[PDB]
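Protein chains in written order, with the UniProt record's numbering: chain R, 6 to 455; chain D, 6 to 455; chain Y, 101 to 149; chain S, 4 to 397.
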């Protein structure tokens, strides 16, 4: 065993150390200045005119805003039993706790911090009415935190969390106002002002387990912590595109125009005022300048830069980014694509739809475990063995091509004479587990009319 | 017989020897800096600007995300349950353990590490309630582990594992924290390897087999140990593309614009400051520079380099990366011929889809044996002979095309007057074995109502 | 010596080094005793006693 | 670095052919010479810190008594020795492209060749004693006993040779012979000219070359037991024990730095800078022979034996020699070489003044004689390490 004061100071160390890693990926999503993005043709006084490129934000958003949870399928013991509901039902209990915490909002944020930084953390507690929560005090208070505010030590031995620290800064002040340590069997919190840590408040819990769970963007089993979704391939083409935008925007300020020259005229033949170095032309349209020179005199010009000669490099980098990322061609390569049929959409969308379907499994494994802790805390007993078997169920991440779904499902059902019992007609139409309980009522209400 | 303390040391040496190889194929999927990727024409400072290429990442993702297990078939002794009764049958018995271990999450990752490094392992154990938690105590604990954390030696004659070692590092400490050695007669683990090396915890087991089995990407019988899917053939084009892309990225800084020259008057006559070698050309757009232009002065420019010379070479290499990998031509962005037809999708997918069906077979052969071991361990007796005839069932890897299958299935079934039994209608429509056995219940509800 | 790790010397050495590194930082900050040129002042440098 | 390097493998001269379609097996390759000592001596479990072996030694005693004779007192005694493992190692190096190519399976071949070279080094350290690190307690060539096989092997092994074992109580339990001894077994004949060790129309190998028993003792054969004039051993192979710590290691690197020179004269090569790959091979062994005199060295001809007798810097007293159990006069410590030769030729029989040889100086006598020489330093007042050993010719 060890004291919590050592653990706090030694974990606030590891936590503050970790921030120097995360800042490297924050700089891509949030499109900050990066040294390697500067365009080297641009002269030193124009290099303040940075050009940012949106590939990292686009690729993270295009995964994140496709996925939402619809329920938990705990199977019935001693034979399967759908349509079981209310106080009888182990699934709608978990959905009540999901809904009462507004996890429909806090999860879809917490997922994108997990895609940006590679991880985020679920936390569970009973509430305490001595804090003015405005939460149902019978419901487990479930929260999600970014790795910029919670850090957890993990066993490589067995992949369970050892202990974890939450830290709260004064927001712009950037100095810690409170910190919380989660031990295997209690949670402790300090607060500080004048730099004095006040005596730790605490709250025991009955679990063997630390009440924190990592969402982790695992790419492989060989990842322990998981990694940013903004891959080193996508970073490299992001910065390559940023340099070419700067070299373009620079060239368009100096060389898009030809430079005009005269040779063999002495400045006194032209009347160039020696104090100031240029006489005023008029240039009001059709005027022919007569002004003189020797027999060796003539006019010359340097050509414009051909700006097309950069643009066909930018087109090539879009065609890189559209492949290194999963994205449909028209998100990045905004060029000549023709997704103009309901089957064609399913083709062009396929590689992104399938990436989100894999991420749904990876995040589902964390949410499943978090709801087991919530039950084990609230109901206090050992987990009913059904809850080891459950899955999270997720929204279909593809475009809702509803007319093509409807004509197909109607042919299968064939007004009840057909191949499919009415319920799989709903699930193929994609109506959510939460909603299909209302269609139980409305179908029953219609059977009284005929 | 064999000294276990010796054999542990000997297998840690054999395990570290494998990492020297794996560090080379990891570097293609993670896109670390590689010696062959540097663009030779780029100057010695600008060689910091690497150009990571994502073909390996793309090609392994597009296989590993299509794969999904959906059940087991165990051909019964002939009777009233030819494949299943719906509960208390071999198919349900294995699928229970698969759910309880979350292998739908873990094995999706396990296939990824198996395609990258060329092999990965399934380790089968009874849970110990003194050591491990959040698992159902009556089911076998199944883990999948990558070759960066486990090594197994094969008797080349019998093609079965002789012994294997799981080696866990202390994360950032770069040292072994624990090691576990699996024998045919027992497992054995030395719980700490940092500070003092602790004494072994043994645990005997009833099997003749050692309780680990390799998944291997074995493409051909002569590959007696598994081989990476990122073939030497695809590695070469990945590195070749990086050179072209980096040579372009240098050219876009130095050479995309013409360099302007004047060959006439001496610097002091051109009004150049002799100390700095410069003058401020006050180049707002319309202005004409005038020169005295002695000795037959002229001005001229070196050309811009045509960046489309490199674009032609990137397009050629994209056509090659598509041809080698067998990805759809759209996944490389290689050509804009988007397959806007229900059947044209089956054509464009055809080689990727078929390749995935072969990876499904080759990994299914290992997942069978893992369940044969798990049953033999849990039930203790020798296995019923139908488990030697087991078959894994995998989800169809083709993109759904739901409405095309829907019209076809309804046309065949014809309200029960048709060609095929209702049950086959569900199989061809592509519902999983769990969806099939669930959907039967709703059909009885509908027929019971009338 | 690494294989045998007598008296856990390779473990104890880490914490004794970490202790020495922490102690050097106090001495550099309080009395400047060996401070690198990058440190701006130390408390013993005050003009008042 | 370079072509041709005498320490590291580039795509050197020797590889040149091994890319053509014209290649074949080596139709004449040798099989590897595995260790013989590891096959006959019992293997002992050993840790890196070595082992302690105890031995009882006290002469516990009892006496006959009459009624009421007050009964005598006795006490036991015991001692121990410890055995520490030594280490043997080597490194070899090739270019990274040579490792990617693996021409003619050179890397694999090298792994087998070092494994074999270490095994032969352990035999040579246990038998001849060629380079034995200080921790090996004795080596088999140190025996003060020899026998000649050539004219008749049965009389050699089973009678003359056995006589000089059992006289000291040392049990004959095995015999180990070199593969080159086969002719003097085939030439072992009776007075009618029939063989001894084979029968009938002479179809089979002789029974020892089937690894059969001789006079109940097993025969062990190998192709590298001969070390000069010595061509085999016979004796109590229970007296030799050995152990290996762990197993044959193979660490690998592309990025360490190697001194190709000496500790006193560096010549560093960075493996990273020259794009080289290197392998580090190591094993650790311990050995103990409890009594070196329990073995007879077997030879063809009736050769003499040569010895060093050391007085350990003793300043006063006398010492004694013995030769096949006959005993010398009592000899003063600082005897002349002529006095020591006189002391040997004064022995009862066979000590002819042309064969017996002495060649050292006062207190440090190199001696050569036809027989088992031994000494007792009782009556020497000084030099507590005063001692006798056989020594190698060169």
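Ideal Cβ positions, reconstructed from N, Cα and C, are used throughout, including at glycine.
- Annotation for residue 449 of chain D: no beta strand (DSSP E) segment contains it, though the alpha helix (DSSP H) segment containing it runs 438 to 454.
- For residue 20 of chain R, none of the residues of chain D pass the 8 Å Cβ criterion, the least Cβ distance being about 15 Å.
- Around the beta carbon of residue 331 of chain R, 16 or more other beta carbons lie within 10 angstroms, which makes this residue buried.
- With its beta carbon less than 8 Å from one in chain S, residue 25 of chain D belongs to the interface.
- Contact annotation for residue 273 of chain S against chain D: no contact, minimum CB-CB distance about 16 Å [criterion: below 8 Å].
- As the crow flies, the alpha-carbon of residue 28 of chain S is around 12 Å from that of residue 108 of chain S.
- For residue 254 of chain S, same chain residues with a beta-carbon under 6 Å away, outside a window of 5 residues either side, are 283 in chain order.
- In this structure, residue 46 of chain D sits away from residue 77 of chain D, with a CB-CB distance that is not shorter than 8 Å.
- Contacts with chain D (Cβ-Cβ distance below 8 Å) from the segment 308 to 321 of chain R involve 308, 310, 311, 314, 315, 317, 318, 320, 321, listed in chain order.
- Using a C-beta cut-off of 8 Å, the segment 57 to 68 of chain D makes contact with the segment 30 to 38 of chain D, since at least three inter-stretch Cβ pairs fall below that distance.
- When DSSP reads this structure, residue 283 of chain S sits in a beta bridge with S/94, S/254.
- The C-beta of residue 38 of chain R has fewer than 16 other C-beta atoms within 10 Å across all chains shown, which makes the residue exposed.
- For residue 250 of chain S, the neighbours in chain D by C-beta distance under 9 Å run, in chain order, 8, 11, 12, 14, 15, 18.
- DSSP places residue 311 of chain S inside the beta strand (DSSP E), whose first and last residues are 308 to 313.
- A Cβ-Cβ separation of about 6 Å places residue 257 of chain D in contact with residue 318 of chain R under the 8 Å criterion.
- If one requires a minimum length of 3 residues, the beta strand (DSSP E) runs lying completely within the segment 54 to 109 of chain R are 74 to 77, in chain order.
- When the five nearest sequence neighbours on each side are left out, the beta carbons in the same chain lying within less than 6 Å of the beta carbon of residue 269 of chain D are those of 298, 302, in order along the chain.
- For residue 255 of chain S, the C-beta contacts it makes with chain D under 9 Å involve 21, 22, 25, in order along the chain.
- Between residue 329 of chain S and residue 352 of chain S, the beta carbon gap of about 7 Å places them in contact (Cβ cut-off 8 Å).
- As the crow flies, the alpha-carbon of residue 432 of chain D is around 51 Å from that of residue 138 of chain R.
- Comparing alpha-carbon positions, the option among R/225, R/288, R/219, R/325 lying closest to residue 243 of chain D turns out to be R/325.
- By a beta-carbon distance limit of 8 Å, residue 141 of chain S does not contact residue 150 of chain S. Their separation comes to about 20 Å.
- Under the DSSP assignment, residue 193 of chain D falls outside any alpha helix (DSSP H), being part of the beta strand (DSSP E) whose first and last residues are 191 to 195.
- Within chain R, the C-beta atoms nearer than 8 Å to that of residue 121 of chain D come from 225, in chain order.
- Per DSSP, reduced to three states, the secondary structure at residue 224 of chain R is coil, with no helix or strand assignment.
- Annotation for residue 58 of chain S: 81, 82, 83, 84 place their beta carbon closer than 8 Å to its own, counting only its chain and skipping 5 residues before and after.
- Proximity of residue 145 of chain R to chain D, defined by a Cβ-Cβ separation below 8 Å, is not satisfied.
- For residue 312 of chain R, the CB contacts under 8 Å within the same chain, skipping 5 residues up- and downstream, are 253, 256, 257, 261 in chain order.
- Only 253, 254, 257, 258, 261, 262, 263, 265, 269 from the segment 252 to 271 of chain D bring a Cβ to less than 7 Å from some Cβ of chain R.
- In the same chain as residue 86 of chain D, and ignoring 5 residues on each side of it, the C-beta atoms closer than 7 Å to its own belong to 94, in chain order.
- Neighbourhood of residue 201 of chain D in chain Y, by CB distance below 7 Å: 105, 108, in chain order.
- Going by DSSP, residue 272 of chain R is part of the alpha helix (DSSP H) stretching over 272 to 275.
- For residue 399 of chain R, the enclosing beta strand (DSSP E) has its first and last residue at 397 to 399.
- Taking all protein chains shown into account, residue 12 of chain S has 16 or more neighbouring C-beta atoms within 10 Å of its C-beta and is therefore buried.
- Within its own chain, the residues whose Cβ lies closer than 8 Å to the Cβ of residue 194 of chain R, once the five positions on either side in sequence are excluded, are 183, 184, 185, 186, 205, 206, 207, listed in chain order.
- Apart from sequence neighbours up to five positions away, no residue of its chain approaches residue 448 of chain D with a beta-carbon distance below 6 Å.
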